[PDB]
Amino acid sequence: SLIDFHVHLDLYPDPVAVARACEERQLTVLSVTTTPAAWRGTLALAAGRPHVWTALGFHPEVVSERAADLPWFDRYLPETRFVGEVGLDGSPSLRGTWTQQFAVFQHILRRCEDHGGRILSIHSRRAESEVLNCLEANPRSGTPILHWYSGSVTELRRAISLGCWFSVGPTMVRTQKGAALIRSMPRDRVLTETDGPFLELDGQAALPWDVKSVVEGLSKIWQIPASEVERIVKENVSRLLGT
Ligand SMILES: [Mn+2]
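Residue numbers count from 1 along every chain, following the sequence as written rather than necessarily the entry numbering; any residue without coordinates is not displayed. The side-chain numbers reported here are obtained from all heavy atoms of the structure, hydrogens and water having been left aside. Residues with missing side-chain atoms are left out of burial classes, side-chain pairs and their counts.

The condition is simple: UniProt positions are given in the numbering used here, feature names are shortened, and annotations may be inferred rather than shown by experiment.
Its UniProt record gives the chain the following Sequence similarities (unreviewed entry) comment, quoted word for word: "Belongs to the metallo-dependent hydrolases superfamily. TatD-type hydrolase family."

Written out as structure tokens, the structure is:
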């Protein structure tokens, strides 16, 4: 069975339909949030749905516009073992928000430490070195998963050294640079994701079950059968939960 360990169920036009479809497939999803204020509404998608695992987040792209939602993060942290989407984004269009992004992410890591550590699904686009500096400074924040890692191989080697895990998606398994990044990752720290509906495949928003294509992609890169890839990813989720 399949795992999509970073997906925005709450950003689909009909989130309940997507959640139901995941349950029908017994497809485990990490349902991430973009502001902690979204917790109650997005958590509700998981009621009666044991394959929907909801994460408490604050996405770097919305830290300015949703600044006042920050106190809901600490409020709800006791209700989940999963934090995401959180992190930093180095895109020029967000650069004026950099101080606020850093403040929020540092706050989040510190609160995670204070509550005994969490499993983190982390955004690092164009800010990989800065994300790693933050994680190195806050090692007791928990287990960091770098979602859709797109930085350098130099930075990837450092992330591995810092104990990062990786969730990899459709674009990564289908590109030269992505396949090269995957080859440097320890297989026991690789998870699969879609990042739907943000990720588009063939001009259409990805759905969680498009993660079958990531498993197929990894089968080719690792040169093992898709079933063994599925087993390894499940084993990896079990081990992750053990951390
Ligand atoms: Mn995302």
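1. A short note on the overall build of the chain
Stated formally: Under the scheme used here, helices are H or I runs from DSSP no shorter than 4 residues and strands are E runs no shorter than 2 residues, and both carry numbers assigned from the N terminus. For a compact globule the rule gives 2.2 Å times the number of residues to the power 0.38, and the radius of gyration it is set against comes from C-alpha atoms. Any two residues having at least one pair of non-hydrogen atoms within 4.5 Å are treated as being in contact.
Across its full length, the chain carries 10 helices and 10 strands. Taken against the 2.2 N^0.38 rule, which gives 18 Å for 243 residues, the C-alpha radius of gyration of the chain at 17 Å falls within 12% of a compact globule. Taking the principal axes of the C-alpha coordinates as reference, the chain spans close to 45 × 40 × 35 Å. Sequence-distant contacts, at least 24 apart, represent 69% of the contacts inside the chain between residues at least 6 apart.

2. Regarding the coordination of the manganese ion
The line we're drawing: The donor set covers N, O and S atoms within 2.8 Å of the metal, switching to 3.2 Å for Na, K and Ca, and it leaves out water, so a site may look short of donors. Exposure classes here rest on a 1.4 Å probe applied to the protein chains alone. A residue is buried below 20% of its type maximum, exposed above 50%, and partly exposed in between.
The protein atoms that coordinate the manganese ion are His6 (NE2), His8 (NE2), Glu85 (OE) and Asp195 (OD), at distances of 2.1 to 2.2 Å. Written as a sequence motif, the donor residues of the manganese ion are H-x1-H-x76-E-x109-D. Pair noted here: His6 is in strand β1 (residues 3-7) and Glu85 is in strand β4 (residues 82-87), with a separation of 79 residues, a long-range link. Of the two residues, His6 and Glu85, both sit in the buried class.

3. Some points on helix α5 (residues 128-137)
Rules: What the arc describes is the spread of directions from the helix axis to the C-beta atoms.
Turning to α5, its buried residues are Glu128, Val131, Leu132, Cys134 and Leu135. One face of α5 carries all of its buried residues, which in axial projection span an arc of 160°. Close packing links the buried residues of α5 with α4 (98-114), β5 (118-123), β6 (142-147) and α6 (153-161).

4. Describing the packing of helix α9 (residues 211-222) against helix α10 (residues 226-242)
Basically, it comes down to this: For helices, the fitted line uses only the C-alpha atoms of the stretch in contact; every axis is such a line through C-alpha atoms, and the angle between N-to-C directions lies from 0 to 180 degrees. Roughly parallel covers angles under 35 degrees, roughly antiparallel covers those over 145, roughly perpendicular covers 65 to 115, and oblique covers all other angles. Under the scheme applied here, ten amino acids are nonpolar (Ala, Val, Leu, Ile, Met, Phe, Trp, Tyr, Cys and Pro), four are charged (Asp, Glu, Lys and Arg), and all others, including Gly, are polar.
Between α9 and α10, the least distance of the axes is 8 Å, while the angle of their chain directions is 105°. Viewed along their axes, α9 and α10 adopt a mutual orientation that is roughly perpendicular. Facing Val215, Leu218, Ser219 and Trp222 of α9, the residues of α10 in contact are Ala226, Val229, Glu230 and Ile232. Grouping the amino acids of the contact of α9 with α10 by side-chain chemistry returns 6 nonpolar, 1 polar and 1 charged.

5. Focus on the sheet that holds β1
Sheet strands line up and pair through hydrogen bonds in the backbone, either parallel or antiparallel. This is how the line gets drawn: Two strands qualify as a pair provided that DSSP identifies no fewer than 2 bridges between them.
As summarised here, the arrangement of the 3 strands in space is β1-β2-β3, forming an open sheet in which the pairing is parallel. Every interior strand has two partners, whereas the edge strands, β1 and β3 (52-54), have only one. Between one strand and the next, the sheet's axes are offset by a mean angle of 15°, whatever the strand orientation. Those strands touched by α10 are β1, β2 (28-31) and β3, and its axis lies near 60° from that of β1.

6. So, the pattern of salt bridges
Filter applied, for reference: For salt bridges, the criterion is a side-chain nitrogen of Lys or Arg within 4 Å of an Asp or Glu carboxyl oxygen.
Tallied over the full model, the rule gives 7 salt bridges. Here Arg40 ties to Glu79 by a salt bridge, and the two come within 2.7 Å at their closest N and O atoms. Of the two residues, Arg40 sits in helix α2 (residues 39-43) while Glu79 sits in the loop between α3 (71-76) and β4, which places them 39 residues apart along the sequence. Accessibility expressed as a relative area gives 44% for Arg40, which makes it partly exposed. Under the relative-accessibility criterion, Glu79 is labelled partly exposed at 39%. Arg231 is the partner of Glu235 in a salt bridge, and the nearest nitrogen-oxygen pair spans 2.9 Å. Highlighted residues: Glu235 and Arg231, both in helix α10, separated by 4 residues, approximately one helical turn.

7. So, the pairing of β1
Which entries qualify depends on this criterion: Look down the strands so they point away from you; if the path from the first strand over the helix to the second goes clockwise, the crossover is right-handed.
With respect to burial, β1 is a largely interior element, 5 of its 5 residues being buried. Two strands pair when backbone bridges link them, and β1 and β2 are joined in this way by 3 bridges, in the parallel orientation. Of the residues in β2, the one forming a bridge with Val7 is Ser31. The handedness of the β1 to β2 crossover, carried by helix α1 (residues 15-24), is right-handed.

8. Overview of α10
Operational definition: Under the convention used throughout, the expected extent of a helix is 1.5 Å for every residue step, that is, one less than its residue count.
For α10, with 17 residues, the first-to-last C-alpha span of 24 Å sits near the 24 Å given by 1.5 Å per residue. Here α10 has its buried residues at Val229, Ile232, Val233, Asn236, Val237 and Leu240. Around the axis of α10, the buried residues are gathered within 140° of arc, so they sit on the same side. Of the exposed residues in α10, those oriented more than 90 degrees away from the buried face are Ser238 and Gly242.

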